[PDB]
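Analysis of the macromolecular model
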Amino acid sequence: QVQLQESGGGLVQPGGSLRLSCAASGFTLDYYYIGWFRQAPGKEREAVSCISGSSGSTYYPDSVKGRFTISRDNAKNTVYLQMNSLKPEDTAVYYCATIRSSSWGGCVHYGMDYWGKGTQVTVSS
């Protein structure tokens, strides 16, 4: 039942912006925490943005804090990651993940229960 489907990947120029969407099915945002993760080529997968489905409270790691913002639309059951001022080092597959807020334990890859299949973002150079 619980599934996530990311979309919006494509080629961006450096300094450009891109918004990714994560469509939730099998659940509603209110009971969960939604996270965005990324894997740049050769690199370990790392957290990027978490959001609370109910309150909309957010968590941003140092590397993207300021440039990346996550938002959620309860009515559309969708979580969005806005990326501003993109850098070539942001090239990665961006994954959506979620966990029931009852089990919420921080914005870490080992604390997620369901994973999307990813969507590739490439910042040309």
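Throughout what follows, the structure given in this document is the object of discussion.

Some thoughts on the overall build of the chain
Tallying secondary structure elements over the chain gives 0 helices and 11 strands in all. Its helices and strands in sequence order give the chain the pattern β-β-β-β-β-β-β-β-β-β-β, from N to C terminus. For the chain, the C-alpha radius of gyration of 13 Å lies close to 14 Å, the compact-globule estimate for 125 residues. Taken along its principal axes, the extent of the C-alpha atoms in the chain is 40 × 25 × 25 Å. Classification of the 125 residues of the chain by burial places 44% in the buried group.

A word on the side chain of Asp-90
Examined against the element boundaries, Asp-90 turns out to sit in the loop between β8 (78-83) and β9 (92-100). For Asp-90, a relative accessible area of 2% corresponds to the buried category. Once residues lying within four places of it in the same chain are set aside, the contact partners of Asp-90 are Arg-38, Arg-67, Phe-68 and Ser-85.

Details of the packing of aromatic side chains
Using the criterion set out here, one finds 5 aromatic pairs in the structure. Centroid distance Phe-37 to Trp-115: 4.9 Å. Interplanar angle 55°. Geometry classified as tilted. Taken together, the positions of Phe-37 in strand β4 (residues 32-39) and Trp-115 in strand β10 (residues 114-115) put the pair 78 residues apart, joining distant regions of the chain. Among the aromatic side chains, those forming a connected cluster through ring pairs are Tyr-33, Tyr-59 and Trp-104. Here the guanidinium or amino end of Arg-45 rests over the ring plane of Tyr-95, the centre of that ring lying 4.7 Å away. For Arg-45, the ring lying beneath its charged end belongs to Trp-115, and the centroid distance is 3.6 Å.

What to know about the side chain of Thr-78
Here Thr-78 shows up in strand β8. Only 2.9 Å separates the side chain of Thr-78 from the backbone oxygen of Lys-76, close enough to count as a polar contact. Ignoring sequence-local partners within four residues, the contact set of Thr-78 consists of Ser-21, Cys-22, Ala-23, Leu-29, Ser-71, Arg-72 and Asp-73.

Describing the sheet that holds strand β1 (residues 3-7)
Judged by pairing direction, the sheet is antiparallel, and its 4 strands sit side by side in the order β1-β3-β8-β7 without closing on themselves. Looking at strand neighbours, the two that pair on one side only are β1 and β7 (68-73), the edges of this open sheet. For this sheet, the mean inter-axis angle between neighbouring strands, taken without regard to orientation, is 20°. Inspection of the sheet shows strand β3 (residues 18-25) paired to β8 by 6 bridges, in the antiparallel sense. Within the sheet, the bridge partner assigned to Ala-23 lies in β8 and is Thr-78.

The rules we used
A chain's residues are numbered here from 1, following its sequence as written, a convention that may not match the entry; residues for which no coordinates exist are omitted. Computation of side-chain values: all heavy atoms of the structure, hydrogens and water removed. The helix and strand labels rest on DSSP assignments: H or I over at least four residues marks a helix, E over at least two residues marks a strand, and numbering proceeds from the N terminus. When we talk radius of gyration, it's over C-alpha atoms, and the globule rule is simply 2.2 Å times the number of residues to the 0.38. Type-normalised accessible area, obtained with a 1.4 Å probe on protein chains alone, sets the label of each residue: buried when under 20%, exposed when over 50%, and partly exposed for intermediate values. In what follows, residue pairs with any heavy atoms lying within 4.5 Å of each other are defined as contacts. Only the six-membered ring of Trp is used, alongside the rings of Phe and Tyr, when aromatic pairs are assigned; centres must lie within 6.5 Å, and planes under 30 degrees apart are stacked while those over 60 apart are edge-to-face, with the rest tilted. The rule for a charge over a ring is simple: NZ of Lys or CZ of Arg within 6 Å of the ring centre, and within 35 degrees of the ring normal. Residues adjacent in sequence count toward polar contacts only when both atoms are side-chain atoms; beyond that, a polar contact is any pair of N or O atoms within 3.5 Å, and within protein one must be able to donate a hydrogen and the other to accept it. A pair of strands is labelled paired if DSSP reports no fewer than 2 bridges between them. To get an axis, fit a line to the C-alpha atoms, keeping to the stretch in contact for a helix; angles then go from 0 to 180 degrees between the N-to-C directions.

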